[PDB]
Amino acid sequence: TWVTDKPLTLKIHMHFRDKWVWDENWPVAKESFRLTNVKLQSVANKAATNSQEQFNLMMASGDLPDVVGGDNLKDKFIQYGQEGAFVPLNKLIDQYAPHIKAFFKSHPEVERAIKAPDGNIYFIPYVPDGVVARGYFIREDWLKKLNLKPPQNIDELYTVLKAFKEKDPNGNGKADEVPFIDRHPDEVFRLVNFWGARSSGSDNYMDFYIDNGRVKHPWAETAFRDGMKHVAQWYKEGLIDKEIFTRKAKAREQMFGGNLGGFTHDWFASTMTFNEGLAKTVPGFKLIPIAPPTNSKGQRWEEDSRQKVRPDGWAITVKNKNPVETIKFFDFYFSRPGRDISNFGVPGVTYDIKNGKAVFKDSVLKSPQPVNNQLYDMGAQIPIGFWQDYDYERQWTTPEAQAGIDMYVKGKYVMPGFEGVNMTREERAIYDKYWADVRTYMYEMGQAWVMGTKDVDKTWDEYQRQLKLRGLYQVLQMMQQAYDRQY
């Protein structure tokens, strides 16, 4: 699998998920270098805590590396690619990247989704593998202790969460229970689904969506305002983690491991590992998947789904003096041996090739830490350009977790996600000038609403004014225009 005759050292700026950078001595990166003869060296800031700021600051310094990578960079790969900071990959892929060329061959909608208005491919994306993403999970051992049954609608959800709060299910005499926790703060806004309001059109938070041939953004609709009215009341009543916006990554380890949380919306595989992982420290701990409790409008909504392609990956800068070797290095991660390490880690360390496929073995499968959390720490399952393989995830999907997935599929609960729109140069330019600005202001207002710093009703009108003056509806007009060119 070597691509270059002499070892090639490339500078990567890859800051992702507000917590991590590329490591040259990751066991997977050490194995990457070993298989490809291409070494990557991180120039990103270790200690920094905002991946988008780091990309921006890097762009602002004029000092680019050879490779830029990370999560949530699709819009910037496209915008700065058109400006000439990243090179178009079309001819390189066609001539030097066969596995990628074969992937786009059998995945034409992926290649279309990641392209720029000028028709150029400016990064290689992270391609997820799977169907469902998040579901709802509740403490059945608390339900049992309190003599409750799983909630079937929002009315019963409220009653059950109230009981977790008020009737001491951990039995320590203290009102320490925190009914709803989530390691992703944006899930608190997705709670508006339970009153029949969208929070996002996709697995990307605050995403647009299509409603009957009309592009909308969910946080602009009156339905969102009404939903936030109940969400704010829940926060006020202490049903939602007071620290929901600041606890973040390790909220499961903290709130479940400390026997404080009763309820969450998270991924099936990893969340269900905690039953085993906490089996000794919290005797009797048992999370179960439940169907989405029927919302106030009489429907069961699972808004989240696995994406066909995520807005993450890596790109080749103009400064890169070895574009050919780099694109071959990219191609490695769409080949079977690249998929092997990027999904499974290091052979003889986390997996072996058994019957022609990577099979994990048992030190990893039984860790109290979910398998994908272990793989991050060694450089696998990271948002480079690589073709994820659901076989890696099936191997640590417990039977109880699998029964949840099957329930959600059978039940039809998973709403189809927004696949995107193909804008023109002018349309996407308006999108570039306004959306990030609008998205930030939206988040700050909702955090305010959830926490009770501002009232939803009393600020809704001035909110809609800001939406209009900051260009939200002009962005919508341009997306609709591009949607109409497809419909």
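For every residue, the number given is its place in the sequence shown, counted from 1.
Averaged over CA atoms, B-factors in the entry run higher in 368-376 than in the other of 151-159 and 368-376. Averaged over CA atoms, B-factors in the entry run higher in 343-351 than in the other of 343-351 and 109-117. Of the candidates 90, 273, 246, 72, it is 90 whose Cα B-factor is highest according to the PDB record. Among 103, 205, 219, 189, the highest C-alpha B-factor in the deposited entry belongs to 103. Ranked within its chain, residue 64 lands in the highest third, by CA B factor from the PDB record. Residue 361 sits in the highest third of its chain by CA B factor, as recorded in the PDB entry.
In this PDB entry, the Cα temperature factor of residue 470 sits in the bottom third of its chain's modelled residues, the lowest group. When the CA B factors of the chain's modelled residues are split into thirds, the value for residue 389 lands in the lowest one.
Split the chain's modelled residues into thirds by C-alpha temperature factor. Residue 11 is in the middle one.
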